[PDB]
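Asker: This is the structure I want to talk about, given as structure tokens.
Number of protein chains: 2
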Amino acid sequence: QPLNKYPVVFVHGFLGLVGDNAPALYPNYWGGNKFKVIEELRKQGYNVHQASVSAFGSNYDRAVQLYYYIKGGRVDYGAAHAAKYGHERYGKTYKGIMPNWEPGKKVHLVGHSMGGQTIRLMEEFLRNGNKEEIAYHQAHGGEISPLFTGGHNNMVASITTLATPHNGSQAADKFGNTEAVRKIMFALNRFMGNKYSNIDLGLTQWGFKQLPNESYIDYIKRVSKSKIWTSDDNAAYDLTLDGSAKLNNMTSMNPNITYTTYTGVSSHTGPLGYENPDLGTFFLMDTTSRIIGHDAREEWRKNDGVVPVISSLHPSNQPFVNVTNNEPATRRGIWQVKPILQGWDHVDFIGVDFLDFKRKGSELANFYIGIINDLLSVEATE
Amino acid sequence: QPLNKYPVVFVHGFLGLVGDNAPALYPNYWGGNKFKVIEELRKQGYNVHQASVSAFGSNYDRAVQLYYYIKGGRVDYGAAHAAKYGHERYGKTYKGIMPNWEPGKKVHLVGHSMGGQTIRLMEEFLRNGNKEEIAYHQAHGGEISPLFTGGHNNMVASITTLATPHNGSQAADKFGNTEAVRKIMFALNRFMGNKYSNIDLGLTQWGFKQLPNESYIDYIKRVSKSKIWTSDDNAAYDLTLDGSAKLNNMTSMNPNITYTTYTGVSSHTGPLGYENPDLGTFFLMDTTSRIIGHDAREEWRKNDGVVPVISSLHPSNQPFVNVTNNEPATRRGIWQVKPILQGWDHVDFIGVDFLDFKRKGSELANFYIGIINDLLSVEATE
Ligand SMILES: OC1(c2ccc(Cl)c(C(F)(F)F)c2)CCN(CCCC(c2ccc(F)cc2)c2ccc(F)cc2)CC1
Ligand SMILES: OC1(c2ccc(Cl)c(C(F)(F)F)c2)CCN(CCCC(c2ccc(F)cc2)c2ccc(F)cc2)CC1
Ligand SMILES: CCCCCCCCCCC(=O)O
Ligand SMILES: CCCCCCCCCCC(=O)O
Ligand SMILES: CCCCCCCC(=O)O
Ligand SMILES: CCCCCCCC(=O)O
Ligand SMILES: CCCCCCCC(=O)O
Ligand SMILES: CCCCCCC(=O)O
Ligand SMILES: CCCCCC(=O)O
Ligand SMILES: CCCCCC(=O)O
Ligand SMILES: [Ca+2]
Ligand SMILES: [Ca+2]
Ligand SMILES: [Cl-]
Ligand SMILES: [Cl-]
Ligand SMILES: [Cl-]
Ligand SMILES: [Cl-]
Ligand SMILES: [Zn+2]
Ligand SMILES: [Zn+2]
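So the sequences go chain by chain: G and D.
Quick note: the first sequence uses UniProt numbering, first residue 300, plus one each step.
Quick note: the second sequence uses UniProt numbering, first residue 300, plus one each step.
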């Protein structure tokens, strides 16, 4: 019935809120008003979905959530993970977009920004499991999530990433992951865990959910004891250069998966060889673009607002091949890096820059239809 | 003590809120963060002031308020005016920036946008009075505001306008002054008349101030009978082509006043000869710029976001002379039209476009120093 035999799952990045988990007035993550990715692709008869996973959590936490988003069930972050980092083992429970998901029934994964990292880690778990969980269930017994077992292959057809910081970003290193702004992010999460809140910012496993009969002062006190304040099991850490490198060092190429990347630049070279944001860079990335663009290492300067070009092309120590925009992108086992999109900033990929008239809806529709056609190709060359 | 002999009064336009009358978080009208016109000019030893007058009111109402802002005392809109339009005769009372203002003690007036119209009308009243008020106090006796008497000359040295819609704007005609959006404006003013409100949006003379012991429902009921809902004694009407024409038809050149105008362009000609806003046009003017730029009459298309160039150069029926940037702007009695600032939109003149990095503080400082210099010149060529 659907033109695509494998469902496509779109996976948002850091700070991403989608569907019913957004504020009353909020941009629509996948396409803004420029091209309503989910609705429009569906009207054209494609089977597509937008995952909802932790906005502020680690790639680990998100990757677990992604699995349960697709498969359905109670999120299980793993007993060893929970014990090591100091957060609940069990999380939200998901209906499941594909309850029969198993070897043989594949899914296409496309990720924006951090979503690309999240996708890689989930596949890692499927294929290779999680060593610390395997080891913990070996020593202490009990039940272990199948997600952490390994040996589950032939479940993801493609991994396609848009402006993903495969190699991290200095914006995290020098801003996002600093003490003062982590405190802000966590305070936000605390607040939005209050008992009148309808949005889940993705750190409730750390205890940021006020109980219905608990005072806010008692909430604050309970939650000041959480390890979140000092942990590295969070998005801000994972987007640093170190944090991303760690994911790179523990991931590996699946020879059956079609891997493809897209990258945007929205900076321009200035007097001294530093990079500054283009007029038309969504203004919220003004400061981060300048931090990146003024890097000591020259090859780390060009950026889409928050992720350097080097970081988005491909994970740095994984195999890649520079590809053309016209040629079929059909190679398995290798990062097919599409040609840099000139003038696209980080958020132009998802169409929410309503300030930028150069980036039009028809363009964005072509981009997404572009990706679907590549995915159709992958299906046809099996 | 002050380098300028005559105080300079800056007069904000439509929707302008200044000083103690702005919300908690709000751009500073005169210079934004780019150049703090009042503070900086003062530091350089100039005597300058920012008037506070009705943000939503007619040019008439604002013009009266301007007078009392400068002179001090209880705003008197005039008995005939009040009776004809159906609003209170008396308004707020002002401390007075210049209590001794009289023929011989002059003041420089610079107006942004509608502020330019307001300034013209005030001077008209000083010089020629108000015929309706003269006639009404003739017939019915009582006291009459000196503002409406006429014969007060030699009180304003200069009238300088920035992006003033002397000939009105289609944005008013086809948006601002339509039924539905006038209702929205008036509802806003109603709401901000509530008993907890600390901002005056300028229509309280129409009854939009909830009494301390009145219910909101009774407030709504009382105020639904106001003529404001159907009146032309409001800003939206006055910024229309007709509305501005009427001011033009009742104003005339004072041969002792130095008149000077500035105009911005922030549109570009498209495929078919229509004008579209430049990237860099403050986004809130996106829709108005397109309305203006798609006008049938070609010469009405080029615009700064909300004011067409034809409208800002000079009142259409008054004398003008195209001037150069270097030409001392020292002629009395004629509209000295300064050369168009390319890429300045309506709000770049006041520096509140924080999105536009092309328009820097040092540029805006030069523009304002420029104006002061011209004013110093006027003083010295007496
Ligand atoms: O700062 C960001 C970032 C990204 C990656 C890294 Cl690595 C880092 C970090 F930490 F390293 F610095 C930071 C996160 C989000 N930023 C602003 C959010 C945009 C927002 C939006 C977009 C899509 C939506 F569905 C909803 C809202 C929005 C707001 C208002 C609006 F008028 C339009 C759009 C942009 C980038
Ligand atoms: O709509 C405007 C208009 C002007 C003339 C005519 Cl003729 C017409 C009409 F009739 F056609 F409708 C309309 C009035 C104000 N508009 C937007 C408000 C700007 C705002 C601002 C400006 C100055 C301040 F001191 C403080 C805030 C602001 C908001 C948020 C922000 F991040 C920065 C600035 C722009 C033009
Ligand atoms: C007549 C009482 C209701 C007014 C409508 C809403 C005003 C908000 C209350 C302001 C405040 O308590 O700070
Ligand atoms: C503040 C007076 C002019 C605003 C009219 C345009 C605002 C509605 C369009 C939506 C948006 O601002 O992104
Ligand atoms: C991040 C902004 C959240 C939207 C706040 C306004 C909601 C409303 O007035 O209904
Ligand atoms: C269309 C009316 C303006 C308010 C909604 C836009 C704010 C947002 O981008 O979330
Ligand atoms: C709406 C209130 C948000 C709380 C801000 C606290 C920030 C901090 O403690 O660093
Ligand atoms: C019009 C915008 C003003 C919002 C101010 C809210 C606040 O004080 O936090
Ligand atoms: C630019 C919009 C004006 C809102 C001012 C107020 O709500 O008091
Ligand atoms: C937070 C970004 C600006 C809000 C968009 C608007 O005022 O229409
Ligand atoms: Ca952009
Ligand atoms: Ca501008
Ligand atoms: Cl939020
Ligand atoms: Cl499974
Ligand atoms: Cl929640
Ligand atoms: Cl009030
Ligand atoms: Zn975790
Ligand atoms: Zn009036």
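Virtual Cβ for every residue (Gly too), placed ideally from N, Cα, C.
If you measure from the CB of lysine 657 of chain G, is any heavy atom of ligand 11 nearer than 8 Å?
Answerer: Yes, since a heavy atom of ligand 11 falls inside the 8 Å radius drawn around the Cβ of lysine 657 of chain G.
Asker: Which residues of chain G have a Cβ atom closer than 9 Å to the Cβ of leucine 578 of chain D, listed in chain order?
Answerer: Here the neighbours are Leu578, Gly579, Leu654, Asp655, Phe656 and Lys657.
Asker: Mind pulling the alpha helix (DSSP H) runs of 4 or more residues that sit fully within the stretch 479-553 of chain G?
Answerer: Taking only runs of at least 4 residues, the alpha helix (DSSP H) segments lying wholly in the stretch 479-553 of chain G are 515-522, 534-537 and 540-549.
Asker: Name, in chain order, the residues that DSSP records as bridge partners for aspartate 375 of chain D.
Answerer: Paired residue(s): D:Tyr389.
Asker: Looking only at its own chain, which residues have a Cβ that is under 6 Å from the Cβ of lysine 526 of chain D, when we skip the five neighbours before and after it?
Answerer: Within the same chain, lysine 526 of chain D has close Cβ partners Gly385.
Asker: Return the bridge partner residues of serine 457 of chain G from the DSSP annotation.
Answerer: BP columns for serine 457 of chain G point to G:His407 and G:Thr557.
Asker: Between which two residues does the beta strand (DSSP E) harbouring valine 606 of chain D extend?
Answerer: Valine 606 of chain D -> no beta strand (DSSP E), and no H or E assigned at all.
Asker: Taking Cβ positions, are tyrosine 366 of chain D and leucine 461 of chain D nearer each other than 9 Å?
Answerer: No. Outside cutoff.
Asker: Under 9 Å between C-beta atoms, does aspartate 585 of chain G make it to chain D?
Answerer: Chain D contact via Cβ: present.
Asker: Can you tell me the Cα-Cα spacing of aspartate 531 of chain D and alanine 321 of chain G, whole angstroms?
Answerer: C-alpha separation (whole angstroms): 42 Å.
Asker: Say whether chain G places a C-beta atom closer than 9 Å to the C-beta of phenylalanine 490 of chain D.
Answerer: It does not; no Cβ of chain G falls within 9 Å.
Asker: Ligand 14 heavy atoms versus the CB of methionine 397 of chain G: any closer than 8 Å?
Answerer: No, the beta carbon of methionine 397 of chain G sits no closer than 8 Å to any heavy atom of ligand 14.
Asker: Just the chain D side, please: which residues come within less than 7 Å of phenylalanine 582 of chain G by C-beta, in chain order?
Answerer: What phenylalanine 582 of chain G touches in chain D: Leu654.
Asker: Could you compute how far the alpha carbon of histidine 645 of chain G sits from the alpha carbon of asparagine 399 of chain D?
Answerer: Each residue's alpha carbon lies about 59 Å from the other.
Asker: Under the assumption that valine 455 of chain D contacts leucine 408 of chain D (Cβ atoms under 8 Å), give the Cβ distance between them as a whole number of angstroms.
Answerer: Confirmed, about 6 Å.
Asker: In the structure shown, what three-state DSSP assignment does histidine 593 of chain D receive?
Answerer: If DSSP states are grouped into helix, strand and coil, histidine 593 of chain D belongs with coil.
Asker: With H, G and I counted as helix, E and B as strand and the rest as coil, what does DSSP make of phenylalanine 666 of chain G?
Answerer: The answer is helix: DSSP assigns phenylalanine 666 of chain G an H, G or I state.
Asker: Have a look at D:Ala382, D:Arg521, D:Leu578 and D:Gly501 and flag the residue whose alpha-carbon is nearest the alpha-carbon of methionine 484 of chain D.
Answerer: Residue D:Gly501 is the option with its Cα nearest to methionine 484 of chain D.
Asker: Between the stretch 638-656 of chain G and the stretch 597-605 of chain G, do three or more beta carbon pairs fall short of 8 Å?
Answerer: Yes: at least three Cβ pairs fall under 8 Å.
Asker: Return the residue from the list D:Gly403, D:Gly372, D:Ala381 and D:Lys482 that minimises the CA-CA distance to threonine 392 of chain D.
Answerer: Checking every option, the nearest Cα to that of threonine 392 of chain D belongs to D:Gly372.
Asker: Quick check: the stretch 555-566 of chain D against the stretch 577-597 of chain D, are there 3 or more CB pairs under 8 Å?
Answerer: Yes, the stretch 555-566 of chain D is in contact with the stretch 577-597 of chain D.
Asker: Since I believe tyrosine 558 of chain G is in contact with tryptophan 634 of chain G (beta carbons under 8 Å), could you give me their beta-carbon distance rounded to a whole number of angstroms?
Answerer: Contact holds; Cβ gap of about 5 Å.
Asker: Under 9 Å, do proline 464 of chain D and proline 607 of chain D count as touching if we go by C-beta distance?
Answerer: In contact: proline 464 of chain D and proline 607 of chain D (Cβ atoms closer than 9 Å).
Asker: Excluding the 5 residues flanking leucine 314 of chain G on each side, which residues of the same chain have their C-beta closer than 6 Å to its C-beta?
Answerer: Excluding sequence neighbours, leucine 314 of chain G sits near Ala354.
Asker: In the DSSP assignment, find the unbroken beta strand (DSSP E) run with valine 347 of chain G in it and report its ends.
Answerer: Looking at the DSSP string, the run of the beta strand (DSSP E) that includes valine 347 of chain G is 347-349.
Asker: Can you list, in chain order, the residues of its chain whose CB lies under 8 Å from that of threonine 623 of chain D, leaving out five sequence neighbours each side?
Answerer: The residues are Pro638.
Asker: Is it the case that the stretch 346-364 of chain G contacts the stretch 302-318 of chain G, given that we only count it when at least three CB pairs across the two stretches are under 8 Å?
Answerer: Flag = yes, the stretch 302-318 of chain G and the stretch 346-364 of chain G touch.
Asker: Could you have a look at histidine 567 of chain D and say whether DSSP puts it in helix, strand or coil?
Answerer: Note: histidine 567 of chain D maps to strand in three-state DSSP.
Asker: Let's test the definition: count the other Cβ atoms within 10 Å of the Cβ of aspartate 541 of chain G and tell me whether it reaches 16, buried, or not, exposed.
Answerer: Burial call: exposed.
Asker: Residue range of the beta strand (DSSP E) that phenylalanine 619 of chain D falls in?
Answerer: First-last of the beta strand (DSSP E) with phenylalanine 619 of chain D: 619-621.
Asker: Does the distance from the C-beta atom of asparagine 303 of chain G to that of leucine 663 of chain G stay below 9 Å?
Answerer: No. Outside cutoff.
Asker: I want to check one thing, is the minimum distance from the CB of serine 565 of chain D to the heavy atoms of ligand 12 below 8 Å?
Answerer: At least one heavy atom of ligand 12 is nearer than 8 Å to the Cβ of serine 565 of chain D, so yes.
Asker: What span of residues does the beta strand (DSSP E) with residue 743 of chain G cover, start to end?
Answerer: Outside the shown range of chain G, which is 300 to 681, sits residue 743 of chain G, and nothing can be said about it.
Asker: Could you please give the first and the last residue of the uninterrupted alpha helix (DSSP H) stretch that includes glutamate 338 of chain D?
Answerer: It spans 336-342 - the alpha helix (DSSP H) in which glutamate 338 of chain D sits, taken as one unbroken run.
Asker: Run through DSSP, which three-state label would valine 636 of chain D get?
Answerer: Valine 636 of chain D falls in the strand class under three-state DSSP.
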